[PDB]
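Written below as structure tokens is the structure these notes are about.
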Number of protein chains: 2
Amino acid sequence: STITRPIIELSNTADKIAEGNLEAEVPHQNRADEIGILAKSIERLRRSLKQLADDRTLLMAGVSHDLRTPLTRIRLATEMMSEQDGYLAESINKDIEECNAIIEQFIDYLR
Amino acid sequence: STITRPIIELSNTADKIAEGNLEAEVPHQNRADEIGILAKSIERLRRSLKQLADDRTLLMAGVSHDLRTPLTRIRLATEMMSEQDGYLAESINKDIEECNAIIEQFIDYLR
């Protein structure tokens, strides 16, 4: 009956990982027999999920940062234009506004 | 020895998923006993990985497509400006080129 338990513990841990508890430590990792190998495989699955999560987060940050540089430069350049070319500057102003709007929506929804 | 086999088969399938085989079918899924419950746990982990993969793909495509619109608009407007503000137009043109470069780099790394 004692051997029955580590099986239940392994299945339970897998559930915790899938539900979004990436920090939940897998049990029976120190075991050397077939059970401990099963524990190791669950750890491998945990690593995959954790990596994919971190990738998405860092992706959002990197894109927004790099975009900030070109956007700022354009707005300043349009500010320096004379009134005679205002109607053309107004167009580029509309574009930069739309771009900032799209980025804002993405960050708000994404937790 | 017969009982030893399914444990190895389960561990092997989990390893296949971790190494990038999201389509690797889990064995002993239809079992109802303790081994069947373990099979169900492995399948749930597979679903998590597959979901995260689909998320990354859709995210990349959506952002790049929408960005194409504001870029094209600024390009046309800057071409209409008079020579008196040519030096200002040149800066905005350089900026939009930079943006296109960033998008190309992302796709090239992950086709």
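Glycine gets a Cβ as well: all are built from the backbone with ideal geometry, and neighbour counts include every protein chain shown. Values in this text are rule-based calculations from the coordinates and carry no lab data.
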**Prompt:** Scanning region A:16-48 for residues that are touching a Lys or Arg at 6+ places or on another chain (Cβ under 7 Å) and part of a helix (DSSP H, G or I), which turns out farthest from B:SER41 (Cα to Cα)?
**Reply:** A:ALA39
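Give the residue that is farthest from A:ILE103 (Cα to Cα), with candidates limited to residues of region B:48-68 that are among the polar types (S, T, N, Q) and either touching a residue at least 60 places away in the same chain (Cβ under 8 Å) or more than 8 Å from chain A (Cβ to nearest Cβ) (or both).
Only one residue fits best here, namely B:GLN51.
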**Unique residue being of a type outside the set (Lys, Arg), farther than 20 Å from B:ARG75 by Cβ and out of contact with any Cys (no Cβ under 6 Å at 6 or more places or on another chain) when the list is A:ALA53, A:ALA77, A:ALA89** = A:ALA53
**Residue satisfying condition, being basic (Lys, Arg), within 30 Å of B:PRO6 (Cβ to Cβ) and loosely packed, with under 13 Cβ neighbours inside 10 Å, within set A:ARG111, A:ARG47, A:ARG68** = A:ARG47
**Prompt:** When both residues are 6+ apart or on different chains and their Cβ atoms are under 6 Å apart, which pairs have a first residue that lies in region A:79-93 and is within 9 Å of chain B (Cβ to nearest Cβ) and part of a helix (DSSP H, G or I), and a second that is small (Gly, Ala, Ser) and surrounded by 11 or more Cβ atoms within 10 Å (Cβ to Cβ)?
**Reply:** A:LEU88/B:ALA77; A:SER91/B:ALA77; A:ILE92/B:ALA77
**Failed item, numbered, when A:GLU97 is tested on (1) surrounded by 15 or more Cβ atoms within 10 Å (Cβ to Cβ); (2) more than 7 Å from chain B (Cβ to nearest Cβ); (3) within 30 Å of B:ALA101 (Cα to Cα); (4) not aromatic (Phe, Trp, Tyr)** = (1)
**Item:** Filtered residue count, region B:1-41, keeping only those that are more than 7 Å from every other protein chain (Cβ to nearest Cβ), of a type in the set (A, V, I, L, M), closer than 24 Å to A:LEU52 by Cβ and touching a residue at least 24 places away in the same chain (Cβ under 8 Å)
**Value:** 2
